[PDB]
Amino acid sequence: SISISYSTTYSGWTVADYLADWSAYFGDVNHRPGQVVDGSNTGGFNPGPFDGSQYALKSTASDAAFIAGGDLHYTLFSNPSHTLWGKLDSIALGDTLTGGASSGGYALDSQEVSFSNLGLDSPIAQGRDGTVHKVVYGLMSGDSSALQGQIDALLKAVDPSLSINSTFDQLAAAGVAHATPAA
């Protein structure tokens, strides 16, 4: 089942609350045609350059950041172009990236919430319509709807009473979430 870790700072928050709020701070890095010309809004893979167990990206509006974990692959200019696909196990959200390929891996200085054991696997054949692509490109572009939908489906798979409109606390009571110390 999905496993969620959250700082007790967000006790009382719903998952949807938090994601909407995080997305508001992160904004949109404008990773769009004609608007990616350097490393300021690409993010990066570990080990990379185009494949990794992690992909990480910091906001260009704030120091909000996320890390996607799993077995991940970006097609860049090969077909289907600009598609992230593969296995997505985790999404970790917070503030300020640290580390990298040459540091033992990426991490967040403040990791606020993470979602793991997502069990998502999108084949390259699905192109940008794959769930993995939609989830991560959504986050990059200021739209966490895809992530929210997937989390909601995973929670309801555990029990139909669970939701992204559940508080983190309720999800902990249900055995899916685990509180970590204040942020």
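For every residue, the number given is its place in the sequence shown, counted from 1. Here the rigid core means the biggest group of C-alpha atoms that line up within 1.5 Å when the two forms are laid on top of each other.
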State which stretch is farther from the displayed form on average in 5 other deposited structures of this protein, 150 to 158 or 40 to 48, counting RMS CA distance after fitting on the rigid core. 40 to 48
Superpose by the rigid core: which stretch, 81 to 89 or 98 to 106, shows more Cα shift in 5 other deposited structures of this protein? 98 to 106
Where do the C-alpha atoms have the higher mean temperature factor in this entry, in 132 to 140 or in 152 to 160? 152 to 160
Mean CA temperature factor from the deposited coordinates, higher in 81 to 89 or in 98 to 106? 98 to 106
By the recorded C-alpha temperature factor, relative to the other modelled residues in its chain, which third is residue 165 in? middle
Third of chain Cα B-factors occupied by residue 51: lowest
Looking at the C-alpha B-factor of residue 62, is it in the lowest, middle or highest third of its chain? middle
Among modelled residues of the same chain, the CA temperature factor third for residue 116: middle
Chain-relative C-alpha B factor for residue 39 (record values, thirds): the highest
